[PDB]
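In order, the protein sequence lines correspond to chains A, B and C.
Anchor point for the first sequence: position 21 equals 21 in the UniProt record's numbering, and the numbering is continuous, going up by one each time.
Remember, the UniProt record's numbering sits 3 above the position in the second sequence when you count from 1.
Remember, the UniProt record's numbering sits 238 above the position in the third sequence when you count from 1.
Using N, Cα and C, we set each Cβ at its ideal position, and we do this for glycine too.
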Amino acid sequence: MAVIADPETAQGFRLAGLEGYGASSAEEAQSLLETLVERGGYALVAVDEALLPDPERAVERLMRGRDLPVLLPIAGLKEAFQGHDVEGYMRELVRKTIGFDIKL
Amino acid sequence: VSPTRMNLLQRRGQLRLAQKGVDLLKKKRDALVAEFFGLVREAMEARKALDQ
Amino acid sequence: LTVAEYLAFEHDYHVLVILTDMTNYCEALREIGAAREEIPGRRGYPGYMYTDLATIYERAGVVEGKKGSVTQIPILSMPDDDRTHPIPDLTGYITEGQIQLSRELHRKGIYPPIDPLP
């Protein structure tokens with residue numbers, strides 16, 4: 001398994017055992033993600049929310065041929081310390097899944 | 004289909020089967036939504052646990 | 239069929255008989271049937287049409303002690319590709335089988351378009 005995030009937490013994940021990579025822009029993160037995808041092996045990739053809000057949009061055609069790989073968005077270093085409310089993610093996901101967007 | 008009484012009865016049977024299938028599929032969809040509305044809550048809880 | 243039977247059973251020939259369209263024969267029969275106010279069948283055809291067709295089809299076959307034979311290959315057109323029309327129904331109730339052509343196989347370029355299931 002691997003992760004693309006800020007360089008400080010990337011080496012922490014490498015200490016934890018994940019092939020972490022440091023990045024600060026969307027283009028390099030997407031290019032390295034699609035570099036990791038093409039080869040068979042680990043199917044789990046974690047990306048910070050500051051690099052790729054929609055991980056499926058980058059490999060949308062490779063995902064159409066195989067839905068097996070798992071891509072998980074995650075909070076960054078600065079995002080974690082400032083914090084947020086996770087209800088917006090649910091509010092977006094319900095629109096993504098059933099379209100009616102409404103969830104009280 | 005040639006017009007006969009037997010064909011008319013067969014077509015009406017097909018219509019009844021289609022209506023029953025629709026009524027069953029609606030119940031299946033309701034059960035799926037009932038499971039979905041709890042799975043989304045579990046995902047919401049896990050998401051905020053992962054934050055801490 | 240008189241000529242065919244004579245040739246088969248008097249000079250030992252092997253005869254093959256082809257009838258182009260029995261639908262026209264049924265229409266010509268229906269004209270006289272409707273002119274004489276006979277009781278109709280299922281679609282205006284006369285009620286004795288089964289007997290009239292039986293006197294035509296049943297003249298083929300082989301005869302014990304003779305070497306001749308008569309074989310019949312009638313050709314008829316189902317009007318709306320319909321197998322339940324009176325003419326194909328009364329024909330299939332008399333003859334010893336049928337070969338049914340398929341339009342779906344014809345539209346795909348397949349020749350001959352013989353449908354094996356019916």
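Please state whether the Cβ-Cβ distance between residue i and residue j is less than 9 Å.
{"i": "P73(A)", "j": "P53(A)", "result": "yes"}
{"i": "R268(C)", "j": "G282(C)", "result": "yes"}
{"i": "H344(C)", "j": "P354(C)", "result": "no"}
{"i": "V45(A)", "j": "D54(B)", "result": "no"}
{"i": "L339(C)", "j": "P326(C)", "result": "no"}
{"i": "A246(C)", "j": "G306(C)", "result": "yes"}
{"i": "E34(A)", "j": "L51(A)", "result": "no"}
{"i": "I4(A)", "j": "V37(A)", "result": "no"}
{"i": "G22(A)", "j": "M1(A)", "result": "no"}
{"i": "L291(C)", "j": "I332(C)", "result": "yes"}
{"i": "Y263(C)", "j": "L328(C)", "result": "no"}
{"i": "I311(C)", "j": "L254(C)", "result": "yes"}
{"i": "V308(C)", "j": "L239(C)", "result": "yes"}
{"i": "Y286(C)", "j": "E275(C)", "result": "no"}
{"i": "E49(A)", "j": "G88(A)", "result": "no"}
{"i": "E92(A)", "j": "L71(A)", "result": "no"}
Between residue i and chain A, is the shortest Cβ-Cβ distance under 9 Å, so that the two count as touching?
{"i": "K51(B)", "result": "yes"}
{"i": "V4(B)", "result": "no"}
{"i": "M47(B)", "result": "yes"}
Would you list the one or two residues that DSSP bridges to residue i?
{"i": "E19(A)", "result": "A2(A)"}
{"i": "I311(C)", "result": "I256(C)"}
{"i": "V47(A)", "result": "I4(A), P73(A)"}
{"i": "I348(C)", "result": "DSSP, once it has assigned bridges, lists no residue as partnering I348(C)."}
{"i": "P278(C)", "result": "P284(C)"}
{"i": "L339(C)", "result": "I352(C)"}
Are the C-beta of residue i and some C-beta of chain B separated by less than 9 Å?
{"i": "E87(A)", "result": "yes"}
{"i": "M90(A)", "result": "yes"}
{"i": "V94(A)", "result": "yes"}
{"i": "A16(A)", "result": "no"}
{"i": "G99(A)", "result": "no"}
{"i": "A10(A)", "result": "no"}
{"i": "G83(A)", "result": "yes"}
For residue i, go through chain E and note every residue whose CB falls closer than 8 Å to its CB, in chain order.
{"i": "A80(A)", "result": "You won't find chain E in this structure, because its protein chains are A, B and C."}
Going by the C-beta, is residue i closer than 8 Å to any heavy atom of the ligand GTP?
{"i": "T97(A)", "result": "Only the bare structure without any ligand can be found here, which leaves the ligand GTP out of the picture."}
Residues of the region 58 to 78 of chain A with Cβ closer than 7 Å to any Cβ of chain B, in chain order: So the list reads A75, given in the order they occur along the chain.
Whole alpha helix (DSSP H) elements within the region 283 to 307 of chain C, 4-residue minimum: Those alpha helix (DSSP H) runs which fall completely within the region 283 to 307 of chain C and span 4+ residues are 287 to 295.
Members of the region 29 to 40 of chain B near chain A, C-beta cut-off 7 Å: Within the region 29 to 40 of chain B, no residue qualifies.
Contacting positions in the region 13 to 26 of chain B - beta carbon closer than 9 Å to chain A: Contact residues of the region 13 to 26 of chain B toward chain A are absent (C-beta to C-beta distance below 9 Å).
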